[PDB]
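Just so you know, structure 1 and structure 2 below are the same protein chain in two forms, each on its own as structure tokens.
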Structure 1
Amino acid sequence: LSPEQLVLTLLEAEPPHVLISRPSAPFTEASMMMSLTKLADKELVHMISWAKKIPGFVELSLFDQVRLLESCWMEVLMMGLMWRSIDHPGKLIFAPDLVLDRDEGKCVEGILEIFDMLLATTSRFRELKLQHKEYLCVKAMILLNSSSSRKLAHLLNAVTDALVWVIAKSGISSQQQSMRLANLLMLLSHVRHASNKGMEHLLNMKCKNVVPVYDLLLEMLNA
């Protein structure tokens, strides 16, 4: 399985576009958290299937598959959010029927913090002109690097090898192939940071029972 074919299978693992079935209208704190949690829950279902489509993932121990997903899920969601928002500066495209503005993030205490973080990282990927295939490798690495053991490192290395390949196809300088690789990877730190904050904020919302009970989301949030 060459880098190109591995990237192809990631493309084929891409989850489908999700909508929350919500008639267009202004947002409030009760409806925003409602939509954000409802969307996350649905995306979580598609994320599980996506992972299983990653060559070798289902070959890992059951203990590993669970710990990998339980720890990276929010990062993967936010990485998807950023790729969808890339061509819409100043906007967070959570879903076709859930587009948010920075000022709208003021309807919820503490979320404006997280939006700015997301908008910044997104803007960054925009400056770098993140390509789809890079997005596929990066997202895959987030799952595999958010820690049967050898199989994992083997898989992680394969995806890493796929990212380099994608960068090599752009036909840019070698020095620039290295600069780009590092800049794309250094951003994972910001996605992991906006993630930890998003979890903290979400966990806090749960403890207050301000958001409906989403079995899958609840389970992933607790551990």
Structure 2
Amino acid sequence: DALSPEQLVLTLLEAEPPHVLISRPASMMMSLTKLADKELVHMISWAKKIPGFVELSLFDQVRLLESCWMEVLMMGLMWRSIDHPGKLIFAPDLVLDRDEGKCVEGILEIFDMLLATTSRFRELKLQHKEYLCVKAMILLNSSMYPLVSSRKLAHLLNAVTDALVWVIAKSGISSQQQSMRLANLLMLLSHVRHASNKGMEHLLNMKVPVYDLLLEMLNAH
């Protein structure tokens, strides 16, 4: 019942992470990095509140968290930036516009992928309910391996899909359009995965250790 469409969406609503303030006393990358570390903590809490997630093997839980985190953060970023072209609302005291991305090399390229994907969600008029479904799906779909408890993950992923399909249905649009909107949303996931891969590569080409800090949190989990 907790995985019933309407109930599931309300449950994901309440599970939303709080606002994160970095509280600033290289530096741009310092801030982004301090932010990620803080957001990751709340991201774990968020996942655990997704009905059934805690019931997957701890193996799958850790697996999913480890490979999704960057995507989920960027999905979050895109959603709070969605109404402001040219800008990225990373956090309540960290708003960066595109050009601030020229400072650090390699980043401008990523800002442009994030801004372009956000632009696309804006054009589709992504709803609050749809966004809650898509973000859970990003988590649940982040890793193939735990799927090829696997029974449980597949069932959970189907449940969230049903909820997204349900959300699209009460849209009142025709059945052809419903299929098209589902397809348009899911194809955007490719692009969120893409920006995620670019941001990971760049983070690792860098000389705060988010990834190791994440692994500590995961061992804590």
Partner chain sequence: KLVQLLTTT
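Throughout, rigid core stands for the largest set of C-alpha atoms superposing within 1.5 Å between the two forms. For residue numbers, the reference is structure 1: its sequence is counted from 1.
Legend entry - Panel number for the form solved in complex with its partner chain: Only structure 1 fits here, because that chain is the form solved in complex with its partner chain.
Legend entry - Core superposition between structures 1 and 2, C-alpha change of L6 at least 2 Å: It does not, since the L6 C-alpha is displaced less than 2 Å between structures 1 and 2 after the core fit.
Inset, instruction - On a rigid core superposition, how far has the CA of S170 moved between structures 1 and 2, in Å, if you could check? - result: Here the C-alpha difference is 1.1 Å.
Inset, instruction - Just grab the Cα shift of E75 between structures 1 and 2 for me, core aligned, in angstrom. - result: So the C-alpha of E75 has moved 0.3 Å between structures 1 and 2.
Inset, instruction - Once both forms sit on the same core, give the Cα displacement of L217 between structures 1 and 2 in angstrom. - result: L217 is displaced by 4.2 Å at its C-alpha.
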